[PDB]
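Residue numbers (the deposited numbering), protein chains in the order written: chain A, 415 to 518; chain B, 208 to 724; chain C, 415 to 621; chain D, 208 to 724; chain E, 208 to 311.
Where is the CB? At the ideal position from N, CA and C, for every residue including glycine.
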Amino acid sequence: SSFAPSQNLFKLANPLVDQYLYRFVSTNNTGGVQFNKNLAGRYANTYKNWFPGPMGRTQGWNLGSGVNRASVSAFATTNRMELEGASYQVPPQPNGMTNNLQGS
Amino acid sequence: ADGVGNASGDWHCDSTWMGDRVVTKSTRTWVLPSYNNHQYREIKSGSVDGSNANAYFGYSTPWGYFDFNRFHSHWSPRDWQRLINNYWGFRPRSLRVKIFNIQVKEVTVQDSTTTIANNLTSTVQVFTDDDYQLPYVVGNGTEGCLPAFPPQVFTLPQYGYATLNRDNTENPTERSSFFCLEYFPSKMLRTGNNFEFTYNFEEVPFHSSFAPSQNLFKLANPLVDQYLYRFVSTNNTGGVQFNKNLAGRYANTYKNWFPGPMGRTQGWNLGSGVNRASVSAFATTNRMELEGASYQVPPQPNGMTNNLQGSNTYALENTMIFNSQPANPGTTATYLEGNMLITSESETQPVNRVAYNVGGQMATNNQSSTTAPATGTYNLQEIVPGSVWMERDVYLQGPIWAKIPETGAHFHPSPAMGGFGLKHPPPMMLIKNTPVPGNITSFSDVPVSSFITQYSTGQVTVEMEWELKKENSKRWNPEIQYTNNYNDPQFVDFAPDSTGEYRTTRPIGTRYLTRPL
Amino acid sequence: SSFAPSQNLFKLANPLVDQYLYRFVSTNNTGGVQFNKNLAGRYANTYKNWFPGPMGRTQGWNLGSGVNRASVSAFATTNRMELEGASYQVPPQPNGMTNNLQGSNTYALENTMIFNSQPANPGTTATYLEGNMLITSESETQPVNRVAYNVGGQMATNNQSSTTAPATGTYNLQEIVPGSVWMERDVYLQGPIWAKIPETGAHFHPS
Amino acid sequence: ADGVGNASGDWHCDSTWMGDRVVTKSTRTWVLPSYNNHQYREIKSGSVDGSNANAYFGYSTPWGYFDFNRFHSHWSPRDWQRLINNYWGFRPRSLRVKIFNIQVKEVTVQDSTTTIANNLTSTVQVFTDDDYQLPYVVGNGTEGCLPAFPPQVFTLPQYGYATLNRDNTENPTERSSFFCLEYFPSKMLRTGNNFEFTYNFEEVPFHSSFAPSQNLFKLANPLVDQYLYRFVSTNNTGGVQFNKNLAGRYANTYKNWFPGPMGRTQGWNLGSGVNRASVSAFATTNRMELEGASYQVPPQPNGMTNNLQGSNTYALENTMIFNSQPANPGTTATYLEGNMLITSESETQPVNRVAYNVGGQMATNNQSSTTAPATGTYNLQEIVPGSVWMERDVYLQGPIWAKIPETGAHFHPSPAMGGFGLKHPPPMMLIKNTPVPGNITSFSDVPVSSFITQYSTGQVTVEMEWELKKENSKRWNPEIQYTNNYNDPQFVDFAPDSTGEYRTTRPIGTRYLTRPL
Amino acid sequence: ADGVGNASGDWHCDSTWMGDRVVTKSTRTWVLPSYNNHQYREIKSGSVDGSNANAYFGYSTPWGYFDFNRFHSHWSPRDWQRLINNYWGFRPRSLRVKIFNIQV
């Protein structure tokens, strides 16, 4: 599939209309629980059908003018997996992540 | 034949139970405002309420749309009861929609008289998006569906979408796209005209509406021992010792199958539960990351249970929470437990893991003569070979389907909120009022900004066909049914009030009949 | 599939030829990043298409001459899962691991199928030793499957800077990942032929 | 079937790419004022702004017309990109127009209430001029075309023309002609009626959209010498000397082909260029003469390039200059470079001569022992045997076609502004509101001057078919494409604004793909 | 017909865009060394560069192989541009290989 997505995964809702779904906002001076309605284009708070792909965290490094850190050996801190009692670098990772974030 | 004094449709609202099929027909009356005053407006937001995940860039359109995607649009409370008490499953087979009896009304204001007349020559535009070329906003759990109660008249929602924004701000990207909805061929309808559309659902699995009658880990025969042995201990020398697995000891027995995935969400005590005072509760919710922003996912993924049977503790971020009554747009009011319809997944607790507890433990070290064995608990675990779970239950107040996002890859495309994941779902049906310019006496090369203000109304009928899965069971004793049960009712539930306001006190899910694993 | 893999999952590349792919080796006295070419038979450093199956860590125990540890009760430290507010031992684990590593004495024993050399009376509480037991080994799957009593790898735990150095930490459990390959539990003459998949909404890889 | 409550058309706006054909459908909404109050008025002007070339004599009519003649009427910005990036040429094959959903609105004013009602019995008149008997005003680069953006509603322009005037004054001649448009048979349309017309374009050459990948004078092989010799010099005696033409020396080599025609126009430095202060610039423009008057020709003839590649210098009288937004009629405001869309022909610079430089030099004398050879530069040169040039490029904002004037003779009938010269272009489609008299209680032999004031609106769809020329090229490396590229955009280009105003920042031409000579 | 003075193939390097199909033809010239001097040699390594994941046991052969598996083998930079700008996806349908004009 050679195309790029034209929408965000979590922004798929209509920004004009509110949801009919409610979220747990807080609790009062008694332990009683309180709820608010999910409003229009608030995409932090809305309910989601779908979720991002798998991940694992790999170290980011600044190309170009990025300052980075001096004199790193960088082999000991790479991500690794184990087989048969040995430890291998997997220099591509599994699918479902993005290495660069846009113009950073 | 086709004209102002001849009705272009009839009112079909009904249900027909035939064998394994059932067809549900429902007709409603709608009203369509003229949105934006015939303008496309670029809408955007920065970070609000302290979160840059609320920033977006997008467009709002003059158009509005029909939304069929809640169950109570198609189903009566008595037909939903007949379904959930008698059947093990259902899936939609086909759909057909009709829009008829169109009425365009011109409104004018002179010194606050505000007269209304009907414009017999005015048109409405309707197209269906068959190729899925527009952003699909329907399956996302937002308002504007056909009402639950047939007498109610409803406004169509305004169509709009969010595209890419830049650096978690309100500004666009180069990949931000604009879709003109005038650039689709559409059908123009006057008063005597009508519109008709037919759709066939792709093959999906039945929604399984039953509860498991056994525990996942108790599947062994309690009368007979296993032929398998377990490592019990080690003697005063390091030598290892074994015991036989006996009869009904289900902590110790070998397992073929394992529970579904989990992640831990905070449990909160409803009713008499004591909880904790004055929590802000936004900072401690579960979140995921995209593009450098942090989003709450208020349903979680499938494979957990929010409530454990008759306990007061709920996850509330694993729950679908509804209001017993509709609300005004943009309501910031605070609600209590009594105002809310709070669903419980506890009928899935045999096969699904509770969301507010740890999921288990694993070894954290290598032992030795010097060091003793150690474990630690894990708060999250994902799909594992040989996992079995149950999907989110469907409710009469909830969504029917969702559209699977178009990307390279996906896994087990079941929507978190509920229903049927569809690669090609029922298309969006979009409608607008065609503009009628005001009095223009001159030529100008700038577009006409002065229009006659008008709205339209009409009827829409939807007809869906459903395939049913018979309940074939050898259970001897009676089962649990959804019953109409209230102690000293002051009103009847799922009926109009003394004012005329339709009241629904409680949520109704599909899982009542019981089945063995 | 009754065969053993004749290659290692991570050694699938040609040892004679170098890769056309480069790796981040280091950074100079300025923060500038440096790269080296992946050479021939260096299999620690090469790029991989495929990844091992899922894991979770279970305690290894030394059979035979292995020294182990004295007077362990061993119930509290087993791996468990939760249902309905109770905690169950799962004495087989899920597929995608190997209990024994080739000719070592160390076994997971909670990743193993353990049989008796002879049938027993119902309700026998007697204690058995290694000699009474038939203890299976999955070690023929070790090329493609990860050992159960070791960590499965490591990942980055922080964001570096000029001030802070890179850091990692090991993980004791990992689940299904796109592009994973493993082998299923082997079948034995003394073992079960089939199982019934539980009737629910959903399941994954019903082995 | 045909009546007030039945729509007489549908909205077709779309594009279909099939093989070498593409069909573009576009529908718009129009509004037609009643012009002149149903009168034919004689319009005229004397010399204004210090020029007697602005004097004219003519007529304005109650009629108005449909103008299809800009590319953005028929083309999307994404469809234009797909065209110009993938193809070497295009030409129009056929056209069909439809006018439907007619609405006539009567407006009345009592003590400033200004009510509007619709007159269901009122008519509109439509005819197409098939035999080209009227003055053809369409191809002349004037406003009133269908909008670029489909949601926009537009007014139809008023039809009018200029005939002969006498002695560069406002007075007529004996050959000044009056054309009554009522003296054509036309079709009268009420609300249920519609109009349809079909046209086939005559055979024209493809617009060549590519850039030359070689220089006209560099066509020789740089590796091999010519077998031809040049006169280099003469020795201390008058004897003449010769040298061989060597390899890649392209100043000296023999040429088969020569650049196109030229005339010199003043170059002006855009951006950081320094230019000159406080120039009036009307007196120094290039002009031509007719009938004793002096006219500016703001496009020049074809065969030159206005810009030389990445220089700041433009001719500005060889350029097509557009506004990024439409303007009000009769706007005398002054605009800067930022408000303007200024096109560049520099992709033609290999084969075309720059407009702001001399074109060459020739011998001005006969030499002798006494006198030395002399030359001088020429500022203008015309068509020469063996000339090759490129025609003006077409833009999404520019004209599609022009009509070749009907006279005895013409040469190479390519319009200066751009597009396709047509002997029989698409006919003019003219429309007016039929008059409805007011209350007349008496007989008079003078014509009725009192009418009901009313306007009409409706929809018009145009469908054009285009023939495409595939790009067949052996170029190894990638080419230049039109891409959507902006650094820190605050808005997306070719989309509505936050107010609803459609924004186009830059002009888009057809020449991107490259081809060898 | 088949002999020393008759060419056994022609040079086909081209691309044909037809509808939803495209066929890419590419011809190259190769040279094959005689590897190992016609021997099978057992190759092996211990831990090198401080990692026992670099240890291996295997064999090297006199043989050599054809590798078609990079995109630029089959695609021009101008044909790759025409593909990625105009289309949402691609997959390989079929393949055929020919080896000809052998010279020892």
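Sort out for me which residues DSSP pairs residue i with in a bridge.
{"i": "residue 289 of chain D", "result": "In DSSP, residue 289 of chain D forms no bridge with anything."}
{"i": "residue 610 of chain C", "result": "For residue 610 of chain C, which the question treats as bridged, DSSP gives no partner whatsoever."}
{"i": "residue 231 of chain B", "result": "B:222, B:671"}
{"i": "residue 250 of chain D", "result": "D:265"}
{"i": "residue 368 of chain D", "result": "D:266"}
{"i": "residue 312 of chain B", "result": "B:325, B:662"}
{"i": "residue 640 of chain B", "result": "B:331"}
{"i": "residue 180 of chain B", "result": "Past the edges of chain B, shown from 208 to 724, lies residue 180 of chain B, and the structure says nothing about it."}
{"i": "residue 502 of chain B", "result": "B:495"}
Starting from the beta carbon of residue i, find every residue of chain E whose beta carbon is closer than 7 Å, and list them in chain order.
{"i": "residue 430 of chain C", "result": "267"}
{"i": "residue 425 of chain C", "result": "263"}
Using a Cβ-Cβ cut-off of 8 Å, state whether residue i counts as contacting chain D.
{"i": "residue 397 of chain B", "result": "yes"}
{"i": "residue 285 of chain E", "result": "yes"}
Does residue i get closer than 8 Å to chain E when you measure Cβ to Cβ?
{"i": "residue 340 of chain D", "result": "no"}
{"i": "residue 728 of chain D", "result": "The question about residue 728 of chain D has no answer, for chain D in this structure spans 208 to 724."}
{"i": "residue 416 of chain A", "result": "yes"}
{"i": "residue 604 of chain D", "result": "no"}
Determine whether the Cβ of residue i lies closer than 8 Å to any Cβ atom of chain B.
{"i": "residue 351 of chain D", "result": "yes"}
{"i": "residue 698 of chain D", "result": "yes"}
{"i": "residue 419 of chain C", "result": "no"}
Output yes if chain C places a C-beta closer than 8 Å to the C-beta of residue i; else output no.
{"i": "residue 506 of chain A", "result": "yes"}
{"i": "residue 263 of chain E", "result": "yes"}
{"i": "residue 471 of chain A", "result": "yes"}
{"i": "residue 515 of chain A", "result": "no"}
{"i": "residue 311 of chain B", "result": "no"}
In chain A, which residues lie less than 7 Å from residue i when you measure between Cβ atoms?
{"i": "residue 260 of chain E", "result": "500, 501, 502"}
{"i": "residue 439 of chain C", "result": "488"}
Residue i CB to nearest chain A CB: under 8 Å?
{"i": "residue 295 of chain E", "result": "yes"}
{"i": "residue 576 of chain C", "result": "yes"}
{"i": "residue 291 of chain E", "result": "yes"}
{"i": "residue 529 of chain C", "result": "no"}
Applying a beta-carbon distance threshold of less than 8 Å, which residues of chain C neighbour residue i?
{"i": "residue 511 of chain A", "result": "Chain C residues near residue 511 of chain A: none, gap ~10 Å exceeds 8 Å."}
{"i": "residue 619 of chain B", "result": "616, 618"}
Would you mind telling me which residues of chain E sit closer than 8 Å to residue i, beta carbon to beta carbon, in chain order?
{"i": "residue 684 of chain D", "result": "284, 285"}
What residues of chain B sit near residue i, judged by a beta carbon separation below 9 Å?
{"i": "residue 495 of chain C", "result": "424, 462, 465, 466, 560, 566, 567, 568, 588"}
Answer yes if the stretch 577 to 593 of chain D comes into contact with the stretch 458 to 467 of chain D, meaning at least three C-beta pairs across the two stretches below 8 Å, and no otherwise. yes
The stretch 476 to 493 of chain B: which residues have C-beta closer than 9 Å to a C-beta of chain A, in chain order? 476, 477, 480, 481, 482, 483, 484, 485, 486, 487, 488, 489, 492
Within 7 Å of chain E by C-beta, residues of the stretch 444 to 461 of chain C in sequence order: 455, 456, 457, 458
Beta carbons nearer than 8 Å to chain A: which residues of the stretch 578 to 593 of chain C have them? 578, 579, 580, 581, 582, 591, 592, 593
Flag this pair as touching only if the stretch 497 to 516 of chain B and the stretch 545 to 565 of chain B have three or more C-beta atom pairs under 8 Å; answer yes or no. yes
Looking at chain A, which residues of the stretch 553 to 574 of chain C have a Cβ within less than 9 Å of any of its Cβ atoms? 556, 557, 558, 559, 560, 561, 564, 565, 566, 567, 568, 569, 570, 571, 572, 573, 574
Any residues in the stretch 244 to 255 of chain E with a beta carbon nearer than 8 Å to a beta carbon of chain C? Which ones, in chain order? 250, 252, 255
Short-range partners of chain B found in the stretch 347 to 375 of chain D, where Cβ spacing is below 8 Å: 350, 351, 354, 356, 357, 358, 359, 360, 361, 362, 363, 364, 365
Three or more C-beta pairs below 8 Å linking the stretch 695 to 713 of chain D and the stretch 243 to 256 of chain B: yes
When you check each C-beta in the stretch 631 to 644 of chain B against every C-beta of chain D, which residues fall closer than 8 Å? 641, 642, 643, 644
The stretch 562 to 576 of chain B in contact with the stretch 489 to 505 of chain C per 3-pair CB rule at 8 Å: yes
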